[PDB]
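Engineer: Before I ask anything, let me first share the structure, which is written out below as structure tokens.
Protein chains: 6
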Amino acid sequence: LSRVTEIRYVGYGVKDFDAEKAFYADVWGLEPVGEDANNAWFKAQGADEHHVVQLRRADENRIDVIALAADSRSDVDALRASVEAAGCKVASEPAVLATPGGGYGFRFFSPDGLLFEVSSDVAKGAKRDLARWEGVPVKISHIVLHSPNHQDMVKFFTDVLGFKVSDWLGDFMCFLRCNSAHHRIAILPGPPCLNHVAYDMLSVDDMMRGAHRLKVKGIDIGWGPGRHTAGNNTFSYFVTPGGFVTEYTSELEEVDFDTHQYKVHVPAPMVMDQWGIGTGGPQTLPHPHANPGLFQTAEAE
Amino acid sequence: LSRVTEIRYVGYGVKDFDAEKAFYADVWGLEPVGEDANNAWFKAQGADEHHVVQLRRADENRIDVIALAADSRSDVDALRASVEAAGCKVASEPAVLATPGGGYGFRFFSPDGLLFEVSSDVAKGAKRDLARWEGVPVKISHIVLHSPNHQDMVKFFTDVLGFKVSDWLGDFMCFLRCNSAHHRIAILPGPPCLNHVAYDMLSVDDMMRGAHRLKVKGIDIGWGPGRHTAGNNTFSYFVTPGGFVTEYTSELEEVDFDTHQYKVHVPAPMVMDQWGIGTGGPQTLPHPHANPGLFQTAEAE
Amino acid sequence: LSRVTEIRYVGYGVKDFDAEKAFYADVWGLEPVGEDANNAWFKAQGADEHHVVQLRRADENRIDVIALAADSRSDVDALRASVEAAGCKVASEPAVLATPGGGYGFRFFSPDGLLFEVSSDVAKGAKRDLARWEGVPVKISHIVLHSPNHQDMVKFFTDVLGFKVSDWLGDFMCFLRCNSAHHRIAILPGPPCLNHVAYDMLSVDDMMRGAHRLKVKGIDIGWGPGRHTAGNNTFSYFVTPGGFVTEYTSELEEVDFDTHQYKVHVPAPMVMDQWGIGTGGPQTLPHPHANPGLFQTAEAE
Amino acid sequence: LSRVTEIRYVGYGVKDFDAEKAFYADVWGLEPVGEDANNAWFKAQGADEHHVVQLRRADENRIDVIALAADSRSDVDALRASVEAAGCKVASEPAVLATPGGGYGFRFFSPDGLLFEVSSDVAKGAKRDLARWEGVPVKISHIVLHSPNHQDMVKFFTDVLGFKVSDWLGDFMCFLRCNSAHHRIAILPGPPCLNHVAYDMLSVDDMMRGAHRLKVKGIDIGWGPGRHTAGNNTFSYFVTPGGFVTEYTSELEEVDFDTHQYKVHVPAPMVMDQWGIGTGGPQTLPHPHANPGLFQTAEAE
Amino acid sequence: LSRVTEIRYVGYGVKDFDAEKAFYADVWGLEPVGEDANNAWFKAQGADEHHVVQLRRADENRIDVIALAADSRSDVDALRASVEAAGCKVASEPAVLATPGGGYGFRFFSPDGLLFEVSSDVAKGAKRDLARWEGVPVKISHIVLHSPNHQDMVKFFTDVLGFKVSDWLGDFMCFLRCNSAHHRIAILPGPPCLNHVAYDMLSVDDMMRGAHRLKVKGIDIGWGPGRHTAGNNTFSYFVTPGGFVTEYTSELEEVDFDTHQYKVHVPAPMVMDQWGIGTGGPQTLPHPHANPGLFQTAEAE
Amino acid sequence: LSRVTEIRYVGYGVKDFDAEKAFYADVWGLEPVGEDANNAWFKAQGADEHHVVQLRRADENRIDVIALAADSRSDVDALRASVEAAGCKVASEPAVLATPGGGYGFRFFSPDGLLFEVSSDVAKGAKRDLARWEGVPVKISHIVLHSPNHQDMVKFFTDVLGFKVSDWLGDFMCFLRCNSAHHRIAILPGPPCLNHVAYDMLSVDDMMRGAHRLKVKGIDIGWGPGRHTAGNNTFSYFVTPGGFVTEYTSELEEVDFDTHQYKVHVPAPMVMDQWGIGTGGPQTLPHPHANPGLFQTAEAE
Ligand SMILES: [Mn+2]
Ligand SMILES: [Mn+2]
Ligand SMILES: [Mn+2]
Ligand SMILES: [Mn+2]
Ligand SMILES: [Mn+2]
Ligand SMILES: [Mn+2]
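Here it is, written out as structure tokens:
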């Protein structure tokens, strides 16, 4: 049946519009793709996806949209019906998109009130094979979300969107894949919102090199020099000027999308971080707060 | 049936006996109670338990015994009976104790192999009411253990030894009570071993002054001053010279022993620590390793 | 006689008006009450004082005014006379204030040249009983001032304004009260200026939570968490983006305004901080400097 | 009368003899002078004073004696009277010394219970002009004491022992000179005991070099590099493995012993430390405690 | 012949023009000389140099020009020929300057593409003797450059501009003097660019005082207090809000411009910093990146 | 000709015999091979080398010997004559060794006075293929020595011992190989001594897991985890309780012993460390000191 196949971008609503714009292009290593009096689009130098981040000047910080990819026009419609069947509020009907790089798609809110987008045939952008030591994002690695009822959110993603379970951290954190990457989405309990967005680095040396630039650029590592167990990926968390959290990650495991057997890792500090030599932890990072405007569009504000 | 009513003491086998010995009497705040060629006893100044810590000069660091209390001599026998039905290896029949403070007790191995002692009528010692600012322990607060089958270890503590579930952190960490204190035992997953032993302080002020003393003695706080959710107690974890970890804690809740309803807390950063302004994390503390000589007594080595 | 009964607000002239405006509403925990081109008003959520902070957009950082409260028009007129007798430079006569909240007051310069305001019947704002863990200020706790002639500055607060001495730190720091709070004003030797403004928290836990919210906002603790001796209050000092310092405090002793016996505390390490587990110290906060515009109203600039 | 003219040495009773004996010989920079079953003498390489530190294997830490120096054999006698006419218990009648280095002197307890010694003609030891960057002590700089009646205690020092006042920190800390150096003794209120013994370094560079050696050897600065105001000396406090604090100081001002005009400095953060760019503070060093065995010699234990 | 005899100023092209503007005035300690819509000039309070820093609102941070001094209007003409004969691209012919303080000079590019300026007779501005503890720059100390062919860059500076070599750190870093100071210029390997601009402090104390100010102002010492071996000057590096690095330096030796003989220090860990006690290190500072627009003026952009 | 093919072990004369001895078996990860009252041999678990570390109880710390390995008995004699010719002071004539493991070899002093040993047929010990995450050493990676005439000391290793140059850091640090490993020995300017010994780890993960064990053992990283340029090896430096420095390293390049072209890297922060996010640096490690007893065997003492 038709399913989500990748993540496209994350649209942010940010107060400190300018500070956040400079961050992504002069600090985080993303490539500007376009600006407008009220918006800004950036893209990952190592991927052909039109844009991976969208910034909209707003009166408050929030996540406007989480855009997922579908293979074809007939796949976008199938998920359109599937979402309806599951009882979701549909904010838009499948049609050519006026947003950058066009594409055919629709929008619907998740059972929690977070706006999502599913689209196909979105224009492609440039893409080069990065050399080692550049310290810049190759592509998006994953997105982590909080949910008031995570078990159900996990099922929506599996039964409606087509994700499959790759791992479990006890019974509170689930890792979901929609292709051969260990996971592209991770669901966690808490108020309906987004926790962080990770970016894939070419190598461990690159994550370090990037973390280094971020340090001199005045941003310290919120939780760094670590390596997770579920997915076995190295990590480095940061807080953007806008107050969001972004992560440089690397070496996430490749699996067989169709046959990977998930495991239930037993919680333990060593399980969250197998290195235990960096600084900070999940406590030095912002505390989750319900995303402003649940079931509301960026417009409605 | 009858049940365990309190914790008496923990017996440690230590490699650097001399250094460990000087730690408890001159840094930690315990009162020397007795000594000999290969052993040393210590008691908390604010409680009349004959002694709360016993050290044995050994070749390898380990836990020799976790000593528990029972109200009566026939309570000790009832517990000998329970253990038998649970199928535990009994190391001693209920008899008069030759250990300091005497008493009537027996020893049995928990399903994982750690050695426990259940006894009653142990000679009381000297006790006095501490004054704010002394910065010394009042009595032992709790003991946390790791178990390869933590669900079973919990049922053992509740069904065999009569403890009761006071709280849960997900499905991986359980808090058990044997009296009005929120807990005296907490089970956690991992190889069969003892995580740490906590000592109750008179006030948050005494934990701070205590932590201060340790700091000037050369011992840094392993997990900065904080406050847990389950039990609402403040904490300060330290590593001893023998490599064991001890914690100064305060304000542990009081509950009705029978009517207290337990809760399942959702794992979250701010759940392990509601303050989040100290240094360290469980990661700066030793990784759990199986206790040397499972199902073996001190004689074994 | 007639006297000052409490603190109202503190008016600041800030060069970086926007960063300071954002600091109070999004980090410090105060409630915005009004804004115009060159001004911003903030209120403490746990008190009905119309506003506790006023910020004026300025070319240079300074303290524009420290407003105090009196019980009634009569009391204010009386104090106004008292001020004259003590030979002070009066900047206005008892009249209906035109600032937000209204009221009946007048302004005058302390013997040192700092502008103070005494007023009565200022409108009452809304007030809320905070819940533990919110980490936001309940009310203004105290204000510390520097005076070239502290011995005299104290006499002026006691004899003209009615404040009474609650304690002395050796012979250089005096704590003064004007109600049941140990103190609302403290006098320290140094150029004529304002040292810090302290905000009272519901509990020590709340102080810690506030400190944590600030840590994730990127504002480190200037003088780590501690507990003072005089007044027995816990403290957490911070440097605002505007350059001033603010403090989260709690557990400030309550005393009988009339019969409280003051003590002279002998200066010592353990006297400034009875905990000694945090970081920083007075040596790590900005050095006091004469307040710009002595004996000059904010107009003058 | 005649007067004390210089500090000779300090004698400590240390529980952890070995550790401390190692400290001074390899880490601190003092050259050994002679050993024995329970005694170790140490010398400062840049001064002819036979030995500046005496260690005695004891059960609990304590100050056994603070050895001072007199010029002639008869100046001693002239003091033995002053002490008598002061009412001090005398522990030794002027007699030829049986302690390493010989000499003639007596022992008596001061008004607070700390044993002092006054001698003359002790055998000089070797001395070489140290070179910049060696990072070892040149001689002892000063000793700071704690007194329950510091005002009287100072008068004892000035009137009975012949010291003069050089500076006052408010009314709680008095600097006393017995020669050219700004001070060799400083008095602080508190339980009767020694606070720290400070050694002089050839320069600021040597202090840092010195601190650098202590750091690599595992001893962190208790009170970071700073510059005191009273005396204008750079500082660096440390904690010996025995629980005693020592200091590497430099650039202590020289004054005319006779005419030096003393000043009363106003207490202030910037006063204790004019640099304020390091870590620690009195806060992070041992809290004072009554010296064990008041009015008792070491032979009493 | 005629030769450069001093450094005048550095002109930066800054993106966050206002943040950098405020840094030099409010934080770094320079004095505003003038401004217009797109430029700001700053002056050292301790040097008659008209100005030592120029900022220009730019799209991207870069070095716009490095201004040098010549003694006479004919020296400038001479250097204008030497530069020509060396193959340097001349950006302007020797004439009266239209920049503040005027003067007579011209602009040419060094062999690597950095725009330089040589001038004479520039108007002197205010000047005064700083007092110990003021914590502000006296004048400019030195400027460090990165060159892809530093051996050639060194020869350019000596054979063309008239600089002399005062020292070598191995064979990768050169120290050049234009007057009595050990060096005003230092060449290092790497892409063509400016490493840092260092400001002279009255004394080591001032550097500490200065650094403490940046500390409370929210700027951490990028490379802790230390002392270099070449020049023996104490150092403290910082990262400006603009992204450039500036250092407070003191005690840089003096030398006989004519006779001084250069040494070749053997690299060694402890040669870069003879104290090795401060925090950070060259690793916490930005990595050298070719100055944007080599061989192009600020206009082209 | 016949040449050195590997590093066997290092013998240290350590004053704190018991601490250093505990270090290697309970902290560093080496396995005890032998013991008596004043000696202790240690073995690396991933190599069959009989023992790689030797401790000798001593009055002063020093490098007793640096034992190299030759392929055969004849090979050994060849080198014995080859050493004879270079003019070294032989200390033993080729012959069966009474030391653990036996073998045939001799000891001679290098031009700088360090005592070396070249033996063959030393008894092989047990070896295990470690699994990822054990965090224990596999083998000895390299040894770094200081030389007052480093240039000649290199020719000695290449022309006399048979090593080959794999790289140079500027003209001060040389990297020598005796097989396919990028290097096994590194020479650096300085007083004749041993800088540090490095231990190869199975992977970067194991070094991190190793550094974590040392952290919880109270032994912090002297030079934060990083990555060298020459050899591309990841690093982690530590100071042992005895005062020596050990390094956990990984990913050192494998090269072709014969056809490997070396390079001269230009010194520069990013070259010493390509990551730049750990702590400390060469400066936070002990200063090199001439080795006690130059040209003298352990027996002299
Ligand atoms: Mn992640
Ligand atoms: Mn605990
Ligand atoms: Mn305060
Ligand atoms: Mn001192
Ligand atoms: Mn410099
Ligand atoms: Mn190495």
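Protein chains in written order, with our numbering: chain C, 118 to 418; chain D, 118 to 418; chain B, 118 to 418; chain H, 118 to 418; chain F, 118 to 418; chain A, 118 to 418. By construction, the Cβ of each residue, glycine as well, lies at the ideal position given by its N, Cα and C atoms.
Nearest-angstrom Cα distance between H/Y126 and H/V356?
Structural biologist: In the fourth sequence, residue 126 of chain H corresponds to position 9, counting from 1. In the fourth sequence, residue 356 of chain H corresponds to position 239, counting from 1. Between H/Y126 and H/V356, the C-alpha separation is close to 18 Å.
Engineer: Where the beta carbon is closer than 5 Å to any heavy atom of ligand 2, which residues qualify, in chain order?
Structural biologist: That query returns the following residues: D/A315 and D/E364.
Engineer: My guess is that residue 75 of chain F and A/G287 are in contact by the Cβ rule of under 8 Å, so how many angstroms apart are they, rounded?
Structural biologist: Beyond the ends of chain F as shown, which are 118 and 418, falls residue 75 of chain F; an answer cannot be given.
Engineer: By the 10 Å Cβ neighbour count, where 16 or more other Cβ atoms means buried, how is B/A240 classified, buried or exposed?
Structural biologist: By 1-based counting over the third sequence, the position of residue 240 of chain B is 123. Its Cβ having fewer than 16 others within 10 Å, B/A240 is exposed.
Engineer: Please identify the residue among C/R330, C/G359 and C/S353 whose C-alpha is closest to the C-alpha of B/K334.
Structural biologist: Here residue 334 of chain B is taken as the residue at index 217 of the third sequence, counted from 1. Among C/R330, C/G359 and C/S353, the Cα nearest to that of B/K334 belongs to C/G359.
Engineer: Just the chain E side, please: which residues come within less than 8 Å of H/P403 by C-beta, in chain order?
Structural biologist: Absent from the structure: chain E. Protein chains present are C, D, B, H, F and A.
Engineer: In chain order, what residues of the same chain lie with their CB nearer than 7 Å to the CB of H/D192, ignoring the 5 residues before and after it?
Structural biologist: For this step, residue 192 of chain H is matched to residue 75 along the fourth sequence. So the list reads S119 and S237, once near-sequence residues are dropped.
Engineer: Would you identify the three-state DSSP class for F/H267, choosing helix, strand or coil?
Structural biologist: Residue numbering aside, residue 267 of chain F sits at position 150 when the fifth sequence is read from its first letter. In this structure, F/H267 counts as helix in the three-state DSSP scheme.
Engineer: Between the alpha carbons of H/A184 and H/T122, how many angstroms are there, rounded?
Structural biologist: Here the question's residue 184 of chain H lines up with position 67 in the fourth sequence. Here the question's residue 122 of chain H lines up with position 5 in the fourth sequence. Those two C-alpha atoms are separated by around 11 Å.
Engineer: Where are the beta strand (DSSP E) runs, 3 residues long or more, that stay fully inside the stretch 373 to 415 of chain B, in chain order?
Structural biologist: Here the runs fully enclosed are 380 to 382.
Engineer: So which of F/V144, F/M290 and F/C295 has the shortest CA-CA distance to F/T275?
Structural biologist: Position 158 of the fifth sequence, counted from the first residue, corresponds to residue 275 of chain F. The shortest Cα separation from F/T275 among F/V144, F/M290 and F/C295 belongs to F/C295.
Engineer: Report the residues of the stretch 308 to 324 of chain B with a CB closer than 8 Å to any CB of chain D, ordered along the chain.
Structural biologist: Answer set for the stretch 308 to 324 of chain B: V321 and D322.
Engineer: For F/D390, which residues in chain A fall below 7 Å Cβ to Cβ?
Structural biologist: In the fifth sequence, counting from the first residue as 1, residue 390 of chain F sits at position 273. Those within 7 Å of F/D390 in chain A are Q400.
Engineer: Tell whether a beta-carbon distance below 8 Å holds between F/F223 and F/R190.
Structural biologist: Taking the first residue of the fifth sequence as position 1, residue 223 of chain F is located at position 106. Taking the first residue of the fifth sequence as position 1, residue 190 of chain F is located at position 73. Cβ distance not < 8 Å, so F/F223 and F/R190 don't count as in contact.
Engineer: Rounding to the nearest angstrom, what Cα-Cα distance links B/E234 and B/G339 in this structure?
Structural biologist: The sequence position of residue 234 of chain B within the third sequence is 117, counting from 1. The sequence position of residue 339 of chain B within the third sequence is 222, counting from 1. Their backbone Cα atoms lie some 30 Å apart in a straight line.
Engineer: If I'm right that C/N178 touches C/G128 with Cβ under 8 Å, what's the distance once you round it to whole angstroms?
Structural biologist: Sequence index remark: in the first sequence, residue 178 of chain C carries index 61 (1-based). Sequence index remark: in the first sequence, residue 128 of chain C carries index 11 (1-based). C/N178 to C/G128, Cβ: 12 Å. No contact.
Engineer: Is the CB-CB distance between H/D390 and B/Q400 below 8 Å?
Structural biologist: As a position in the fourth sequence, residue 390 of chain H is number 273, starting the count at 1. As a position in the third sequence, residue 400 of chain B is number 283, starting the count at 1. It is a contact, given that the beta carbons lie within the stated cut-off.
Engineer: Measure from the alpha carbon of D/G204 to the alpha carbon of each residue in D/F226, D/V213, D/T216 and D/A195, then state which is nearest.
Structural biologist: Translated into positions along the second sequence, residue 204 of chain D becomes position 87. Selected option, being the one with the closest Cα: D/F226.
Engineer: From what residue to what residue does the beta strand (DSSP E) around D/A243 run?
Structural biologist: Start at 1 with the first residue of the second sequence, and residue 243 of chain D comes out as number 126. Premise fails: D/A243 is in no beta strand (DSSP E) and is neither H nor E.
Engineer: Using only the alpha-carbon positions, how far apart do C/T396 and B/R330 sit?
Structural biologist: Here residue 396 of chain C is taken as the residue at index 279 of the first sequence, counted from 1. Here residue 330 of chain B is taken as the residue at index 213 of the third sequence, counted from 1. Cα-Cα distance, rounded: 18 Å.
Engineer: Is the separation between the beta-carbon of B/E370 and that of B/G343 shorter than 8 Å?
Structural biologist: Here residue 370 of chain B refers to the residue found at position 253 of the third sequence. Here residue 343 of chain B refers to the residue found at position 226 of the third sequence. It is not a contact, given that the beta carbons lie outside the stated cut-off.
Engineer: Using only CA atoms, which one of A/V253, A/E152 and A/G393 lies nearest to A/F134?
Structural biologist: The count along the sixth sequence starts at 1 and reaches residue 134 of chain A at position 17. Answer by Cα proximity: A/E152.
Engineer: So the candidates are B/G393, B/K138 and B/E418; which of them puts its Cα closest to the Cα of D/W250?
Structural biologist: Walking along the second sequence from the start, residue 250 of chain D turns up at place 133. Measuring from the Cα of D/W250, the nearest candidate turns out to be B/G393.
Engineer: Look at F/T351 and F/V321 and say whether their C-beta atoms are less than 8 Å apart.
Structural biologist: Locating residue 351 of chain F in the fifth sequence gives position 234, counting from the first residue. Locating residue 321 of chain F in the fifth sequence gives position 204, counting from the first residue. Cβ distance < 8 Å, so F/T351 and F/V321 count as in contact.
Engineer: Alpha carbon to alpha carbon, how far is C/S297 from C/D373? Give it in angstroms, no decimals.
Structural biologist: In the first sequence, counting from the first residue as 1, residue 373 of chain C sits at position 256. In the first sequence, counting from the first residue as 1, residue 297 of chain C sits at position 180. Using only the alpha carbons, I get a separation of about 6 Å.
Engineer: Which chain D residues sit within Cβ distance under 8 Å of H/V182?
Structural biologist: Within the fourth sequence, the letter at position 65 stands for residue 182 of chain H. In chain order: nothing, as chain D lies at least about 23 Å away.
Engineer: Listed in chain order, which residues of the stretch 264 to 282 of chain F have Cβ atoms closer than 8 Å to some Cβ of chain C?
Structural biologist: Within the stretch 264 to 282 of chain F, no residue qualifies.
Engineer: Just by C-beta distance, which residues in the stretch 349 to 376 of chain B are closer than 7 Å to chain F?
Structural biologist: Within the stretch 349 to 376 of chain B, the residues whose Cβ lies closer than 7 Å to some Cβ of chain F are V356, listed in chain order.
Engineer: Give me, in chain order, the residues of the same chain whose beta-carbon lies closer than 8 Å to that of A/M270; leave out the 5 immediate sequence neighbours on both sides.
Structural biologist: One-based indexing of the sixth sequence puts residue 270 of chain A at position 153. If we look at A/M270 and ignore the five residues flanking it on each side, its Cβ neighbours are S227, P228, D229, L262, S264 and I304.
Engineer: Ligand 6 and C/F352: does any heavy atom of the ligand fall closer than 7 Å to the residue's C-beta?
Structural biologist: Within the first sequence, numbered from 1, the residue matching residue 352 of chain C stands at position 235. Flag unset: Cβ of C/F352 not near ligand 6.
Engineer: Using C-beta distances below 6 Å, list every residue in its chain close to F/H299, excluding the 5 sequence neighbours before and after it, in chain order.
Structural biologist: Numbered from 1 along the fifth sequence, position 182 holds the residue referred to as residue 299 of chain F. Result list for F/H299: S283, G348, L369, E370 and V372, in chain order.
Engineer: In or out: A/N155 buried (at least 16 other Cβ within 10 Å) or exposed?
Structural biologist: In the sixth sequence, the residue the question calls residue 155 of chain A occupies position 38. Under this definition A/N155 is an exposed residue.
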